[PDB]
Structures are given as structure tokens and as C-alpha cells.
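S.K.: experimental structure and sequence below.
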Amino acid sequence: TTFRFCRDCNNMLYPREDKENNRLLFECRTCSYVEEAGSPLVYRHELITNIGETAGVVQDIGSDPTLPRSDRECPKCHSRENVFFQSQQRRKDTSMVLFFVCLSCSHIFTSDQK
Amino acid sequence: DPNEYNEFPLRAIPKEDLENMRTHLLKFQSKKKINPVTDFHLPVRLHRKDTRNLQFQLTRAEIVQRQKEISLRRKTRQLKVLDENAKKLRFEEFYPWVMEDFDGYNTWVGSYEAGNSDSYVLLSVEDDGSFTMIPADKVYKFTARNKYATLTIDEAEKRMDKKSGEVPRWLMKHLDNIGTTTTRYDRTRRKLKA
Amino acid sequence: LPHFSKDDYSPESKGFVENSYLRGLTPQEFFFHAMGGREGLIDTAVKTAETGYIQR
Amino acid sequence: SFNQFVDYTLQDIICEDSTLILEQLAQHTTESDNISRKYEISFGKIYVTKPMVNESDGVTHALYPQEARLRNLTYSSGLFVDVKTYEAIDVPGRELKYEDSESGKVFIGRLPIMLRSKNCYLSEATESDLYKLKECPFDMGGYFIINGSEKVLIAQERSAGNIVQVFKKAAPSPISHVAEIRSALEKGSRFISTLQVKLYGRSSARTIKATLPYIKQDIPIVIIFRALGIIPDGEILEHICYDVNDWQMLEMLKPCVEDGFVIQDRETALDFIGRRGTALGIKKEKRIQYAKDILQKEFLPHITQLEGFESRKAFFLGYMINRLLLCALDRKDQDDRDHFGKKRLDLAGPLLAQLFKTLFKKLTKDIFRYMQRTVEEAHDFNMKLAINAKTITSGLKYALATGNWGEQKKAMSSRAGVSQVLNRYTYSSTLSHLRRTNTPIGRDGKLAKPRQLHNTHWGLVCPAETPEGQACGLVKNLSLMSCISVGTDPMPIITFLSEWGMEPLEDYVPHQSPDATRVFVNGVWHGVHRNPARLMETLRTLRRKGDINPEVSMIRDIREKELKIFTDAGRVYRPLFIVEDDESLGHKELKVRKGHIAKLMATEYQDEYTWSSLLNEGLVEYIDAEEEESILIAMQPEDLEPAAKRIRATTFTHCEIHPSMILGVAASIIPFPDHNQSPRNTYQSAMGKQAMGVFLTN
Amino acid sequence: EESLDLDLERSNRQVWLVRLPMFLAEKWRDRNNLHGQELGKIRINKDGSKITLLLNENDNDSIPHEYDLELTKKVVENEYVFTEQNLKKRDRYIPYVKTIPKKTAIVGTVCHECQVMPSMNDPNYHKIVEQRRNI
DNA sequence: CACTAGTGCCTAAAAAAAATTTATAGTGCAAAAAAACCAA
DNA sequence: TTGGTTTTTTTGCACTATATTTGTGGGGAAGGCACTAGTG
Ligand SMILES: [Zn+2]
Ligand SMILES: [Zn+2]
């Protein structure tokens, strides 16, 4: 779903169809540069999703004091130290799922006990 | 310290040399490296010119070819104060810096940014090994223009009017087919052909 | 409240008064009690004028 | 507040606008030539006096508060300011080089004074001398004496300016999400200059338009970016989106990019009319010069307004667009208007500043008059300023006595509750009338807005000392140690920050900074930095060492990758114990120890540690209302520090000095306020002020 | 009299743009100075990657005599120094454009963006630390 | 003979920096734009 | 076939009205010149 831009100018390449060769082309509607289409994918919507929960996972998450600490272990380093926080997606239909990041292994993993 | 280095005291530029001479910093906005000596078609002219209707302006080669072919007061007033240096800066920047090569292939328009002109100081190595210390009074930034054969203002005003829900996705392509408002390099090439 | 760790839903963290008046409250619980009292005060202080208009 | 307004902000307000010249060179060409008849008048240093008032037909007395109080005077003092031809001549060709006092320290008027201020007689009295002057030593408090009546001004809270906010407007309107910016210059022309960006459509008419003065149409933001000087669309995208990996924002921007698909040049975008007037001067359709002068001089009166910082404008506007877009994308929640920190408390200083500015503008306008009138001889320089002094003194007296706030403008914009009469029943009441606040909301009142208490109010405003009825929750009372921010010049701070390594935004690039942290000062973006941690600790240490005014507050929003610096005036802050996480003795410990407190007791009983002397060596630190969102607090100094009566993490940074200090003046009297119902405490807090006893001794 | 076209000859000279601390910039940007006198010495590793400045003793030992120069951008593109001075005294085209001619010449190419920082280990250093702390 | 106050008589201080937020209802004008008929 | 036509539907905008009692107390209320009278 990524967008490409003209090498000659940072401008959105609009897909357009080859009438005779029947393959999608991306032409810079600013300048005559044209480009081949990597995938038949053109536009992507994703009306409902469960993404964006890994937003703002800075390397300094453990630095802040206010995030609570737990005793669960990361299944890479098993160090009981870790920092946990709930879903970043602030909508009324969210879930009580939590996210555990451990300072030692610097890895993020879900709270799913299943 | 063990001689693992080249030591040489940098020397200042002579004071008397500096006066009546102004030194500025030049910047290009471009993803690709541009070398003025090689890429540009000499002769190259730097002028401070009005930028209105840049496309309609004839190229330097075009101008040379054309030349060769030819051959009660209210009596009571009060003025609010404005800083003299600011007034001079406004007067100087009333017209932008515009640089063109003879071919008209590449055109660049400068602008002035005062973010770090004062703090920055120029240092370039002299032939003897000293480093020339220059206080940089102003820093100018140049941007490319007219490379993509831009469209004109009036038709743009007509398009923005909600005559159509969406403008033609191939309007630029159709105009290029009509070749309206050819590039300055293109116009110069056409004039040279004629 | 800035005396709690983030993202807690324990009753004390989110304002459950545990103690009784006999022993006396704790700073946080005191603050929450103040909140409730203020709510009651303002709601009555507005409804009085409103419902007076309706009555008239 | 008053001491600040007197020491500075007064020489400042004068030297700022001390320019007035009438150089009548020839008022037309020649006239041969004539001489550049400069009429230069400028004000140098100002002067203030002790309260020194003469009666009719008599000598001037050295006043004293009781004297004015019984004689119905105004405990004020006079002022007088210094006032400052040699020419340059030009007949037509060449040109551009064609460019008085009569007295000194001329009287300009008299203004009231704060009791026990820097320039009040009482601020140095000894108890013996204080009794010699015959007033109660317990009279701690800065009221005013106008026509012989104790007079007190009250704080006015207002939403802090120059700060990004977003709102979710109601569904039926074609706007769903809006972002608003306020601005000021402290306080020339009042520079309200509201900027707001609206998101259109639900309908799916996804488009973004902005409103700018003096442009009276909604304008597509892409046109704004282009006109600013950013032609290639990819750059504009870089100014909005930061994580190039994410896409959703690009998808919702797609229609906006489509809207501006027609224009491709900066001045052509500037060529858009946005007329709103005034009368079209030199023009073809719209001057490019007109548009650029707008965008520089008037647009966004903060971060800069001079000539040459388009890029700063672009980055800030992109930041605000991004914040707007998040709310529409549900990534971040709705803004909270009622949060306390984003408010401020205007006080005596700023209020007197506003009135003095208005009256001095009237002064200058009148000075221009009767100078243009004296076409013939001569320059007065003396007598008009007497009527001017009458005007200044009368205006100040009227403002401080009537309660209306402003000149005789038929009570326009004159909120009355500014100069209430000081209550004098009970010493408790009197003290409970100084630290008082008030906000304008309406006549009748709403029922879902700041009347009800808020979490942010903790430890800053007393949660029980409020009046009831038609004003409940509006008037509110400062807690005990709460102190107000008097502001400080940010220039040294920003210079220090740049020196220690800053990326000025002029050469910023998101690609090479996928993780760098933005930096804000008083709500201006200045640069981006790579390591926030070291800068944070360094600033903290430098503050604690006492090299920065402690009123300054900084916050590191590690979740948002943001750094804030605040040094404005009017913030509210409280003291706190600092706790060092490290400890050679073991787990964790607050830095102060027994030796310091022993020294404090010794100093007190001497009848040389001060609270300041505690501040310098890093033992307690001020905390504004904004920071608490980045600090964990320990209620008791022993609550969890180590490993029936009643019911009772390991990462504390500060411990409360004492919980019982969250009260205010009146509630402090209530014994065991914990052990009874809160509305009953509120009933008592209100009622106690209606009790007799003693109020002074004199 | 002078050719309006700019000179392209002086381009081929490498230039080092230096951001300078306020105290030192105040001294060097003064027009009273700049008589041509030498002011300091530079140290370059044979291996490279580390540059430090050796200030001369003309500073009156009020500021560090040693500084470290950090190349913020080792490689620099599209940045040059051009110098200015006064000169001697659909197919429709616009005839009048009001050209304003000046004498201009490009004199160098910027290759190294570097910043001068006081070495904390310098004995005269850390004094400006207190000076900046006060201001 | 001249300066200033004391009292009586009588129209203007005309400057714009801004528009400043404070709601929520309804409900009758009023005009703005879409939608059907048909006629050129 | 489509634009001039009348009809309708909508959208805005501009209106008013906002519980009952009692008692102080604190403010000023035309200012701005004009014409003459007393005093130096
Ligand atoms: Zn292109
Ligand atoms: Zn692990």
C-alpha cells in the first residue's frame, strides 16, 4: 500500500493502464516520467484493524519511572524484570490485553496467557 | 605530541581587502549532486530580478539572438520607526536572486534565511595552508524552477472553480500534448532552431 | 492521581473508599470524597434555578 | 507580582515604544530644500518616588499608610521620566540619506503602590518602629489604599496561549475535528490572532482547509505549503508524516494532495486573493508582496514575525496538522480543556501592565496631538504633560476603585470582579481573601465544565474552600505552599541549549532522524535532538545547582518522544522532596538527612539556613502543575521506602513533604476534616469567615 | 564595463563551514580584528576521524587554548560560497523585467561542516561553563 | 495692561488594536440549492 | 436532448428567555471649553 514518487520530482505516481500491453503503469502526472507497477495491488483500505499497538516503542521505555514493573519473564531472557502497559489504541472497543517489554531482552511480547 | 599531524596557524584575511566586498553562502535543494562549473552551460549570469512570470522571460541566449537579429500632500505626516538594517534588508530582498545559464537548461531562484547566518563563520584553506576566516553576513538558499513546465495561474484559477468535481487526471498530459508553456530550455532550443 | 503507577484498575487506585469515618480517611480517599460532594453541590445549585423556571 | 511589575516591565514598556519623531524636512521636494526639521522626542530612564503627596496650597508630606487611610487619600507616589536638531539633507537627487528635550525628568503622573512592596515605607519597619507608625504587625498583606479604603485585586485564570489544542465539534456541522492556536506579544495590539484548521466531511469529503487573516476564504493547506516555498509534494508529505513506514495518514492526505494538484509555483499560490480588504493598493490581482508581508508580519505572531523564517512556519504548521490528524485517526484521544496545567493565573503584575499600556498609548496619541497643532512656535514639552498626568492618574484611580477594568468605554469588556473590597472581619477571613481566584464563564452557568473539581487540582487549590450557589466551583483558593510563576527571559536557556548540541530546524530531515526528539520552549519549536536523556539530566542538574531560575519547568514525554520547556509567567507550582534512587546505604532514600534539619532548627532558634539555603544545594525542587504527568510521588516518607487503627512500587522520585498541606486557609481550621463528610467541611469553610473575634490590634 | 556573467573559475576550492560558540564568534566576527594575523593551529590525524583546534596564546588565557572540531557532516554537497559587490557605474513574453546587475563570483565549495567545542579537559576550559551558567 | 481662575454655556472628543467568549434551545423568515415539466 | 421553467426542499439566520425572597455598601452623577473679574 506504499506510495512511490517520481525520481525527477517528489510527486505521487498515479497508476495508469497500458491499453495494449495490459499491465499497470505509474506515470508522474507532473512530468513525463512513467514507472512500472510492482504489484496488482493499487489501493488498500482496512476498514477495521488491530494494528498500531506497537506505537512509540522507544529504546528508552524502561527509563521512565511511571510505567509499572511486573515479575513476568520474557521467553528469551527469562529475567523477571519487565515493563508492561495496555493497548495504545485509545478506542472504546479496545481490549484489556497488555504488552510486556523486558529491559534485558529489549523484546516486546503479548500478555496473552493462552 | 608526536608528529602525527599537520600543524599550521590559520591566518585571517586582510582587513583592508574585506571592505566593499560582500560574501554570501550558497545552497541548492536537490537530491542529486550538482556541480555549477560542469553541469551549467557557460556563460552563466547571476542577476537580482523580479520573479513574476518566470516562464515568459526569455533566455540569455534568446536575448542575444534577438539582439543580433536586430543588428496634493496633506502637509502633516508621522512615520512609524523601523530598524535601518531591517529596512536595508527589506530593500535588498525586494527582488530575489535568480541565476541562469546561457542555455536556459537549469534555472535557480534564491531565498534568504536568517536562521544561522550570524553564528556561522567561513573557513577555507589558503594556498599556504592557512584557513581564511570570513564573517558570513548572509546565507542564501537557491531552489530549482521551471524544470517540469509548470502551468500558469489563470487557467489554474479556472480549474479550481468547482465546474468539475475533479480536474482531468490527464490535464497536464493533454497540455503537454498541446505543448503549451514550453520550458525555457525548450523555448531557447526552438529559437536556436529558428 | 500522581501517587499511583499508571494503568491500574484496582479499586484503591481508581477511587474506592475503603476505610470508614470512624477511623478516618486517607489523603486520596479524602480527595475523592471531596469530588463527590462538589458534584452534589453544583448539580443542586443549578437544578434549583432550572426547576424553578419549569414550576413557574 | 507587584515587585516584578515595578522593577521591570515598566522601563521595558517605555523603552519599547520610546520613539516619536517629526522630521519636517520640507514636506514637499523644494523649497530648496529645506532643512531636515527633526522633532525628535524619546524617553530614557524612568524614575519612581516614595509615596510623597502634597495637599492644596502646601508643602509635600512624607505620607504613611494610616495617614492616607484616615484622610481618604490614595497611597500613591509620583513619576517623572527623562525626555530627549542635527540633520541630514537631500534635494531630489540624490536621496535615501535625507534624515527636542527643553527639560529633563518631566513629571508624568502618579500611580498607586502595593503595601510593603519594594517602595513602601512599611517593607523595612521594625516592630518598635512599626508600632511608632501605629499599625498592627500582623497586617501581612498587599492591599491598596484608594480614597481611604482598603482595596484588593483578585487573580483571573485564563487558558494558556500559544499551545496546540484540538476539538471534536458536533456531528451536524460539516467540520468534525478542529485545531486552534492563540497568540500574544505581551501585549502590543493584543495580538489575539486566532489560527484554526478545520477538517471537512464525514459524506467522505476529506479535505483540510485553514483560516488565516486577513484571508476570508477557507484555504487548502497544500496551497499554503506551496506559497510558503515548498513546491515538491513529497517534501510537504515529509512535513506531515514522520514514520515513512506508516501509510494511513498518507491515504487521508491523498485527497488534500489532489486538491492542490493544479498550482505548482509559490507566488502563484500566493496570488490567491484572500481579500477581506483593505482597499486594493498597487495591484494586478493580488500583490505577491502583499501576501508575503501578511505571512511574515502578521501570521503566527509567535515563533517569528520578521521576514525570513518560512521553514520554521512550515514545520510548526505541519506539526499542528499531524496533531489534528491523530485525533481523526483515534490514535490519540480528545483534548481536555479543563486540565489545570494548561491554564494560567493572571495577577497584579500583568493586569497593571495592561492598564498602563492602554493609558500610555492614549498618552502617546495625545502627545502627537498638540505637537502637530503647534505648526508655529513653540514646542511645549511642559504643560500638556500636566493634563496627561491627570489622565494617567485618573485612569488608574478609576480602574482600581470602580472595579470596571478599562477606560471609560461604557463598561465594554469590563468584567467587574477585579478590584473587590477587602474583607476585614476575622484575621482568618482576611487571609482567606488574599489568595483568591476567579474566572468568567457566564451568568447562569453550565453543568459539565469546570465547576466540578478535577484531578489536576491536587495539591494546588484547596478542595473544600469554595462558596456555594451560582458561583460554586468558580471561585477557588490556593493551597498553602502554592506559589505563582513570575516568568523569566528564555534567551539564555535557548542559547545554552543550542550550544550543548541542537539541530536547528533549518537543516532538519526526517530520514536521518527516525528517532530524534523534538524540543519545545514556551510552545515554540526550536530544534530536534538525538539523545534526550543526557540533556534531561544535565538540565535537571543545572537547575538543582541554582544556575537557572527554579520556576522553569521541563517535561520529557518519552512516550511521545517530546521535550517541553516552560518559563512563562503565571504558572502554579508547589514544593517537593527530591529522592535519589541511588543509595550507598542501600535501596532508595530521599536526599535530605537529619543534619540539615538540625541546622534548620538551630537557625530558627537563633532568633543561617533559609528555605532558599535549602534550595541551592539540591534538596527540594519546585513542581509546576504540568510536570506531574512524569513524576511518581510517595505520600509518606516511609510508606514504602523500606522493604486496629486504620488501613495504611519501588521507583519513587519525590515524596510529599506533608499531606495535611493540601488544604487552604479556612479548611485548615477544621479539626480532623478526614473524619466527617466533605460537604459538611465545605459548609464550615464558607461559614467560618462570618465569625467575629479580632481582626487587627490597632 | 565588467562582464555581467559570474566567474566560474574560483569554484574549485574546498571550504569548511564552522559553527562557532558565541564567546569565540563575538571576538572573531568583530571587524576591528581580522588584520590577517594568525589566531590558532589545527591538528589532523593521519588516520583521520579526529580533529582538534590548537588556539594561540593571543586569547589572553580567558578562553580554552584547545578545542575539538567535530565534522557534523563529513561529506557536503550543493553548498558553496559566492561573493557579491557593486558593479562599476502561450508564447507571449514579458519585455520589461527590471534586471538589477551586481558583480558576482563563486569562490569556493563547502566540503566539511564542523563545529568548535571547548575541550573540557583544557585547563582554561570549564570557565566558560560557569559563564554560560550565569547567563 | 496682562494671566489665570470662577463660573456659565454647550457640543463633541472620529481613534481602530481587535470583532470576545458565555449556551441552548426552539421557530418563524429568507434565501439557496436541488428536483420535476416541457419546450425549443 | 437539454436547458429554461416552476416547485420544493433545505439550510441558514435571526430571533428571546432564561427559581423565589430580603439586606448592605460602594460607587459617582458631564466634561470641555468660553467669557469675563480680580490681582499682580
Ligand atoms: Zn516527476
Ligand atoms: Zn528476553
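M.R.: Perfect, thanks for sending it. Numbers count the residues shown, from 1 in each chain, chains lettered A, B, ... in the order given. Ligands and ions are numbered 1, 2, ... in the order given.
S.K.: ranges for the helices of chain E?
M.R.: For chain E, the helices defined by DSSP state H cover E:22-28, E:127-134.
S.K.: list of residues touching the first one?
M.R.: What it means is helix E:22-28. B:118-119, B:121, B:133, B:135, D:495, D:499, E:20, E:33-34, E:39, E:63, E:116, E:128, E:131 (C-beta atoms under 8 Å, 6 or more residues apart in numbering or on different chains). For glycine as for every other residue, the C-beta is placed from the backbone atoms N, C-alpha and C.
S.K.: residue A:28: neighbour count?
M.R.: 21 (other C-beta atoms under 10 Å in any protein chain shown).
S.K.: quick check: it touching residue A:11?
M.R.: Yes. Using C-beta atoms under 8 Å, residue A:28 makes contact with residue A:11 at a distance of 5.6 Å.
S.K.: which residue of chain D sits farthest from its center?
M.R.: residue D:32 (52.9 Å; C-alpha atoms, centre = their mean).
S.K.: any idea how far residue B:77 is from that one?
M.R.: 20 Å (C-beta to C-beta, to the nearest Å).
S.K.: for whatever residue of chain A ends up closest to chain E, which non-adjacent residue is closest in space?
M.R.: Of all residues in chain A, residue A:10 sits closest to chain E, at 16.0 Å by C-beta to the nearest C-beta. Distances taken as C-beta to C-beta, 6 or more residues apart in numbering or on different chains place residue D:234 nearest to residue A:10, at 2.3 Å, with adjacent residues excluded.
S.K.: assign a three-state SS to that neighbour, would you?
M.R.: Secondary structure for residue D:234, judged by DSSP: H, G, I helix; E, B strand; the rest coil, is helix.
S.K.: burial check on it, number of neighbours?
M.R.: Residue D:234 has 17 nearby residues by other C-beta under 10 Å.
S.K.: from ligand 1, how far off is it?
M.R.: Separation of residue D:234 from ligand 1 (C-beta to the ion, to the nearest Å): 10 Å.
S.K.: same question for residue E:100.
M.R.: Distance from residue E:100 to ligand 1, by C-beta to the ion: 33 Å.
S.K.: repeat that for residue D:68.
M.R.: 79 Å.
S.K.: what's that residue in contact with, if anything?
M.R.: So residue D:68 contacts D:51, D:53, D:74-75, D:145, D:148 (C-beta under 8 Å, 6+ apart).
S.K.: give me the nearest residue to residue B:65, chain neighbours excluded.
M.R.: residue B:191 (5.8 Å).
S.K.: confirm the one you found sits in a strand?
M.R.: No. According to three-state DSSP, the state of residue B:191 is helix, so it is not within a strand.
S.K.: is it true that it touches residue B:63?
M.R.: No. Applying C-beta under 8 Å as the test, residue B:191 and residue B:63 come out as separate, 9.9 Å apart.
S.K.: of these two, who's got more company?
M.R.: More crowded of residue B:191 and residue B:63, by other C-beta under 10 Å: residue B:191, with 17 against 14.
S.K.: ok, the more buried one - contacts?
M.R.: B:59, B:61-62, B:65.
S.K.: turn those residues into JSON lines, including distance to DNA strand F, secondary structure and neighbour count.
M.R.: Listed next are these as JSON lines, based on distance: C-beta to the nearest atom of the strand, whole Å; DSSP: H, G, I helix; E, B strand; the rest coil; neighbours: other C-beta atoms under 10 Å in any protein chain shown:
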{"residue": "B:59", "distance to DNA strand F": "44", "secondary structure": "coil", "neighbour count": "22"}
{"residue": "B:61", "distance to DNA strand F": "48", "secondary structure": "helix", "neighbour count": "21"}
{"residue": "B:62", "distance to DNA strand F": "46", "secondary structure": "helix", "neighbour count": "20"}
{"residue": "B:65", "distance to DNA strand F": "51", "secondary structure": "helix", "neighbour count": "16"}
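S.K.: tell me which of those is nearest to chain E?
M.R.: residue B:62 (8.7 Å).
S.K.: I'd say that closest one and residue B:100 touch.
M.R.: No. Using C-beta under 8 Å, residue B:62 is not in contact with residue B:100, being 10.7 Å away.
S.K.: tell me who's in contact with the residue most central in space within chain C.
M.R.: Compute the mean C-alpha point of chain C, and by C-alpha atoms, centre = their mean the closest residue is residue C:36, 2.1 Å away. Counting by C-beta under 8 Å, 6+ apart, residue C:36 touches residue D:678.
S.K.: now swap in residue D:292 and tell me
M.R.: Taking C-beta under 8 Å, 6+ apart as the test, what residue D:292 contacts is residue D:270.
S.K.: only the buried residues of the helix or strand it falls within, if you could.
M.R.: Per DSSP states H and E, residue D:292 falls inside helix D:288-293. Buried positions in helix D:288-293, judged by neighbour count with 16 or more other C-beta atoms under 10 Å in any protein chain shown: D:288, D:290-292.
S.K.: go on, stretch B:85-102?
M.R.: Per 16+ other C-beta under 10 Å, stretch B:85-102 contains these buried residues: B:89, B:93, B:96-102.
S.K.: which residue is most remote from the mean position of chain E?
M.R.: residue E:90 (46.1 Å).
S.K.: please name the nearest non-neighbouring residue to that residue.
M.R.: Spatial nearest neighbour of residue E:90, excluding adjacent residues (C-beta to C-beta, 6+ apart): residue B:180 at 4.6 Å.
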